[PDB]
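Residue numbers (the authors' numbering), protein chains in the order written: chain G, 157 to 206; chain E, 2 to 455; chain F, 1 to 455; chain B, -5 to 586. Cβ coordinates follow ideal geometry from the N, Cα and C atoms, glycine included. Scroll down for the structure; my scribbles are underneath it.
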Amino acid sequence: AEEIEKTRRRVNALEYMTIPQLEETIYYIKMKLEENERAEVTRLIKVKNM
Amino acid sequence: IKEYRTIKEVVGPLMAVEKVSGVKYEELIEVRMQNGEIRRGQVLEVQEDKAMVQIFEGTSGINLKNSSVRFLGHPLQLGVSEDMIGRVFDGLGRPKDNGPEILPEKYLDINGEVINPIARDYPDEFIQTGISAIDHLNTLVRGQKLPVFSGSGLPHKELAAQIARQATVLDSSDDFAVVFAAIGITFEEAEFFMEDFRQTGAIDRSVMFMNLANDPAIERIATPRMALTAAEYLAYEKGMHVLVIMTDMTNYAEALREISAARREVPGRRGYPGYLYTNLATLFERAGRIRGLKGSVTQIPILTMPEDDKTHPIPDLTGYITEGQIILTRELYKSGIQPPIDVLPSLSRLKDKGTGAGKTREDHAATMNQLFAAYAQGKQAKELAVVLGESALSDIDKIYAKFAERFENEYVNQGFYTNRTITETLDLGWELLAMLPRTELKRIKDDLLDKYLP
Amino acid sequence: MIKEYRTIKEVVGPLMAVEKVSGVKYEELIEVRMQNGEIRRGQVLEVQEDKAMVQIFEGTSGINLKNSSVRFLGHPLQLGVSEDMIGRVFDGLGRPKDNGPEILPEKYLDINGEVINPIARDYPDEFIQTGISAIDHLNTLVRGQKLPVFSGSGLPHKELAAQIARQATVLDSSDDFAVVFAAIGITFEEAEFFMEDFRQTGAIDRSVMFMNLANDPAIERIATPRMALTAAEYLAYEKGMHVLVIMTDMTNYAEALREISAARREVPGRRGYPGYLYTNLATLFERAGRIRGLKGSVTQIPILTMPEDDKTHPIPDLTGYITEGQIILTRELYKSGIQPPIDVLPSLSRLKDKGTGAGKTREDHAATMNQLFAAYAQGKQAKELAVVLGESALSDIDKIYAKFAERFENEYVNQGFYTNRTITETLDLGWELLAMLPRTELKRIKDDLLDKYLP
Amino acid sequence: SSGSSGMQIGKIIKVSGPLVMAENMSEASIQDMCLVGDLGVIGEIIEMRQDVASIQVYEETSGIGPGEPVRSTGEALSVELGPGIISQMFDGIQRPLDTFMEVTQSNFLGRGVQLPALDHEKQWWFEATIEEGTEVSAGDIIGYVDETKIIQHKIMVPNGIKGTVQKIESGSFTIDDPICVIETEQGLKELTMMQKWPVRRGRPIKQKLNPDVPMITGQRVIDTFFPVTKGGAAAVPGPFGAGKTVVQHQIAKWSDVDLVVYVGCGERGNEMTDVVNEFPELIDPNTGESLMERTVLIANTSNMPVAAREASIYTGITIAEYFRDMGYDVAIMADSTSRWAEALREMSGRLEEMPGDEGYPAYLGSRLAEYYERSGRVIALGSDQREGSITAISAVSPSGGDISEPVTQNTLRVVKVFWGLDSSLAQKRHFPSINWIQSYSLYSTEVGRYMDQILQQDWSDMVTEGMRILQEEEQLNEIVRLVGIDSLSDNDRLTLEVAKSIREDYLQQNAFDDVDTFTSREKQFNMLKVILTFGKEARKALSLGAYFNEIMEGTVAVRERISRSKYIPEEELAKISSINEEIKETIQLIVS
Ligand SMILES: Nc1ncnc2c1ncn2[C@@H]1O[C@H](COP(=O)(O)OP(=O)(O)O)[C@@H](O)[C@H]1O
Ligand SMILES: [Mg+2]
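Next comes the structure, spelled out in structure tokens:
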């Protein structure tokens, strides 16, 4: 019974905190490099047009 | 008139004309191709004896040495008349219903002018759309900018057409028109509207501007301006109450994104133009009503949130402009709720001007706040039920969850062809509040309760 | 002689084009005089043929091109140095702001200065007592060192600087620091903090200050920290004084560079910053240390607010690669009521080796910090696991470290901004906090060293 | 030419958007204002190559092309300062929209219509207060005009003027009529009631002062936990519908300041129309006069010319400085500053400048830093050394709510107050939507001292304890969602219900309720004390051995009274403090 609670805590903590924090982070990380990539591409066109 | 045979160069959709004079910014042009074909265009910038223009149909197939450019001496206009009612036009105001041609009373710049903030008159009047979720909880007001946030596959088409025919103004105004604007939609989507309008006789009350996906991108961004210019004419010069519906606004932004890239303009946040907020505001702020004038312009812009992301530039910047939002959720669409309106993220900011006695009956505002509070608690209790079983619920949490169930299936779910008057809406609301004990209705004073509560 | 031209070709933003000139040099200090009579200083950025591009510090508002002339002073941007500078406060360009008497300047020194010959540069080894334990013991500061503060907007970095500034004294000496303060683009309230604090510690009489506030032109920020470092190397070397250099905000300096860079249409590096940012920053921070034969010293403590609270941002990145370590502040500690909120784990000192040991400190100084590091690294991580999986999910020795890690933050790190801890008190407290662990776990301290100093 | 001489006339050589290039502008300077094209649209010269000037047009350029003339005005972007400015609605470049309407006889904003900001015709009674033959410096007051019954409009000596009063006398004049003759070194100079000033250059002061006096906004969440001082600056970043505008309207309505300058920077037009209607109908009980008689409105809406957004920001702050020099406490609202930055980015791309962060120009932060540095506690110029202040409230509108935005970040590097709005709270109908965790005010420490004195209570410690509970609530809730509330201690569950009381009964504040929209400083003390005393008595009761459920079930009466306490009138505060009596007597029965 005691160990059920420990395991139940771990499952809950893993499902509610760990995993969603991972998913939402990789999205915000993906968006960053998505913007950074094309923010440079525009600059490069300026270099091209010198 | 001015006819010039000298074209310096042609690059992509952009054309350069030399040895020119008396040409202005955003001035309209006509290209006389060597094969006699006439293509329209617009001046993007002009300097000295040179003017840079962009062709709508495109520059494909043009021989420079044997083509000529004529400058019409006026920006992109619209021929306005009272005979526009019942008619169907394209993105540029050109007729499409194959009916008789229209002799315009006059011509107006589709850009229009900005209403003096002093001369503005706060909306302050009720419009009956028929849909209970709107007319009661997220009320539409004369002159309000109230958009619909949808998604792919979601029945925002069915909702728009419903409002288009059902929406009327009480107090028996013999003058109420609907300006329906289609932007970059497929053929069948266009046929859906034009067919439903004719069979419900809503066409006789409406002016339609239909633009397709295969149509030129410039025509796609000029379509809502053609629509609004007609609305401002019908409302401020003919004293009518005009309701403007536009969709899909997402297609407008994608076209605006295409043209921006076509003019070598640097992308803004998430690829969309840095002037997107400003550009959308030049559309949505055309609504409102003016002091000392009979008539008004109300807009209902409908858009599809890309991947249902409300933080996407298109729905986000729209929310920063409009006076509320109607959220459609596929979670309610799967449940078969028609229309699938989630009343929790949905909001109207000027509804208090539309409710109340004289425009509606006296218990509008009270029932609105109560139906929301109980639903939010009911939905929350429902979610707490599912996760913890139906044992963890209180005695009142059960009836509250059961309340929210009928609220979605009976109140919100009315049907895309069911017209509920505001009185029928409010009466139905009380029959749902009766499910709850009187002691729980804290948001309503006892005098109203003694009068309407069953 | 005087050299002046009335031929201004272009005025675009901070940049100005002067043509039909001759005998103009690179980085030459100029003076624009407008049709009204106003004088605005400037610097030559680029000169080709009979043309020359110049940057105007005070800005180009209300300039009439045809009726304005440009004077070429025939020398680079230089500071008028003196011993009278002490007790005075100047602007971003070294001009008096205190209403003090007209200074008879000793020499005129090019603010760019020169690179210290490594052979002449002797190593900094003199431990500095700062009063702050997280600095003194764990991330040591010596004189001649370039040790910056990495902070964020809203974080109390001005307090940490002010604390160090008055609690600064070296052991085995009566040498009192003669600090120099460079204000860069900061606000009035943030400046007045340092200002007022100096007036009631009396250090304003022992210091020279260079003010460039938020209402002051951004282009002046390019020169300001060089005005300070030049005055620093003047007092420290020619006059053999011991100078402490404080510069904030260092972030606002790099912002100014990017403004000119974007104006010159230069090829932009990361985040639009100039490709030569690392070099320009280095020409500031490297201007510190001690030299053979000269008694004086110049020690440097710059302050920068990390944008986005992001350590990997260009400004804190390049600074970290140049300077000899860094002191880092954290919102997590600051919100916890820790004063000062110094996260000791990502912080660093690169001169702590030769800095401390026998003779300057106690011999346990080297073993204590390395033990506290490994213990806090294990303890803090255990605490993370504790708040999510429960305290009863840790082992007995884990809870010992977790309890240690918390007590580490609340007393060792947190000491208050107005409390001065001597190096002895810190070391004594160091053992007390790590005392609550078995000897068998500490594999990083001499066993003969343990017994002697273990409580 | 042709036998006659005239002024220099430029010639348009290029037009693209809000950017017009004009040749033959040799006599013109940078920053100089000019009339562009045949219509004579207002425009500002920003650059210059040879005799060619790059002009920034503050109006629509559709229909303008090369060949058209361009006439300069000589002076830069300036504002008219004097009697006739209060209770007015101006656009970006200070044109009376009231007068704009009547003159053009149109409900719409046309172009090529220049109008004097103030009424040069209207008769004002000037009352001299200075004596003849007095050495007046810049800033010294010579008299006044009671523009409103509430606000006294002081006539100060214009900058760059030093001399001796030769002829001064009271009487009814206009702002064009000479009312004073100042004998200067250059000779004689006539001074009128109206002076002008370039909006881009800040008005001079003697010195700045530390803002140490907190402002009374009437908003419980703000004045208690994240207060703003007079002269301080506060940023309100938040997503749409969070309450940026509502919050700023509340400050405009209830703040203890002399004047309020509201700037409608690139936002909704209805939101400005809502103000010119409602404000003249909002009267505070003491003066007898309305709220509109202390406010100055500047409105450059979203669909209005983008370039004029920047002008609206600089116009309002300069007017705010003008009354600051009169020794008044002014508060300026900017809504929104994001639209200003968006305007800078638009003109930047047109000028083919280079980024910069997120498209914004490299000089964005400077412009922001320059702006907020114009606010603060100052000592106005003059022998009086009078004190005035400007409190700057600015709404930032981050895209998608992400405050990693450059506009939010750069603002936070110069302001000490940050009211962060949470979209989650706004959806929960939790207004004001201020996130009590992330938000902060670096004035709280100093305010606490001022509060402890002016009230004789331990306000600072009450606030500290109040925030301490809210922080535990955040940590406890994390324990809840993965262990369960039933696994919490009774002392922990008490901490939750006390925290709940703080949020719902104190923090939540309806701006549209006639009694809850404002909460006086003394009323805030009683309410917070009642809520805090419930936690203390319950903490003591638990220590005696009482159960959590018993305390909760035996307090339904008082806890409801505590809830409704926010609606208790300002005269009947004795009913609120009396709850402490009912609390201490209720829990002692639970123990027994
Ligand atoms: N303090 C408040 N009290 C009550 N309702 C509020 C409050 N703040 C915001 N709201 C509600 O939220 C909506 C958003 O108001 P607004 O300030 O215009 O949003 P924003 O300016 O952030 O876009 C309003 O219509 C109002 O109903
Ligand atoms: Mg708003």
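Residue i: CB within 7 Å of a non-hydrogen atom of ligand 1
i	result
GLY379/F	no
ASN370/E	no
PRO316/E	no
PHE220/B	no
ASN139/F	no
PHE425/B	yes
Contacts around residue i, its chain only, beta-carbon distance under 6 Å, and the 5 residues preceding and following it disregarded
i	result
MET247/E	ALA182, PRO225 and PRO302
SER261/F	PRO274
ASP84/E	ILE103
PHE177/F	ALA168, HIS242 and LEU244
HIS365/F	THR356
Classification of residue i by the beta-carbon crowding that lies within 10 angstroms, buried from 16 upward
i	result
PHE373/E	buried
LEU389/E	exposed
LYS238/B	buried
residue 587/B	With chain B represented from -5 up to 586, any question about residue 587/B goes unanswered, as that position is not in the structure.
residue 467/F	Here chain F covers residues 1 to 455 and nothing more, so residue 467/F does not appear.
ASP508/B	exposed
Check: residue i C-beta below 7 Å from any heavy atom of ligand 2
i	result
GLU266/E	no
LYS247/B	no
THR239/B	yes
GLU261/B	yes
Sequence-distant residues of the same chain with beta carbon closer than 7 Å to residue i, five excluded per side
i	result
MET188/B	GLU74, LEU75, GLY76, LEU112 and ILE169
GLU340/B	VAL300
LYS146/F	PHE285, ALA288, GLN300, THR323 and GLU324
Among the options, the one whose alpha carbon lies nearest that of residue i
i	options	result
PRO217/E	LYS146/E, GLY337/E, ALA256/E and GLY240/E	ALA256/E
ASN215/F	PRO426/B, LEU362/B and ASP378/B	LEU362/B
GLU126/F	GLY355/F, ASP398/F, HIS365/F and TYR412/F	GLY355/F
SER433/B	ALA228/B, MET348/B and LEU91/B	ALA228/B
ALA246/B	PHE273/B, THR267/B, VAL222/B and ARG262/B	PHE273/B
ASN294/B	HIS114/B, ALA305/B, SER438/B and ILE313/B	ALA305/B
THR419/E	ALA223/E, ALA165/E, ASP110/E and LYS20/E	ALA165/E
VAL203/G	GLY269/F, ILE39/F, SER153/F and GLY296/F	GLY269/F
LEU171/E	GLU220/E, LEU141/E, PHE194/E and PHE150/E	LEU141/E
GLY100/F	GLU106/F, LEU284/F, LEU109/F and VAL89/F	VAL89/F
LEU294/F	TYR123/F, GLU384/F, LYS51/F and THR330/F	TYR123/F
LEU536/B	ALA493/B, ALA551/B, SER586/B and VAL524/B	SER586/B
Sequence-distant residues of its chain with Cβ nearer than 8 Å to residue i (five each side left out)
i	result
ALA435/E	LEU454 and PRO455
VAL267/F	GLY275
Chain G contacts made by the region 377 to 394 of chain F, where a contact means CB separation under 9 Å
Listed by position along the chain: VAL388, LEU389, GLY390, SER392 and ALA393.
Using a Cβ-Cβ cut-off of less than 9 Å, give me the residues of the region 236 to 248 of chain B that come near chain E, in sequence order.
If you check each beta-carbon in the region 236 to 248 of chain B against every beta-carbon of chain E, none falls closer than 9 Å.
Mind listing which residues of the region 468 to 497 of chain B have their C-beta closer than 7 Å to chain G's C-betas, in chain order?
Correct list: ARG475, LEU476 and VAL477.
Given a limit of 8 Å on CB to CB distance, which residues of the region 194 to 209 of chain B reach chain F?
Correct list: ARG194, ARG195, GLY196, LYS202, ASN204 and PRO205.
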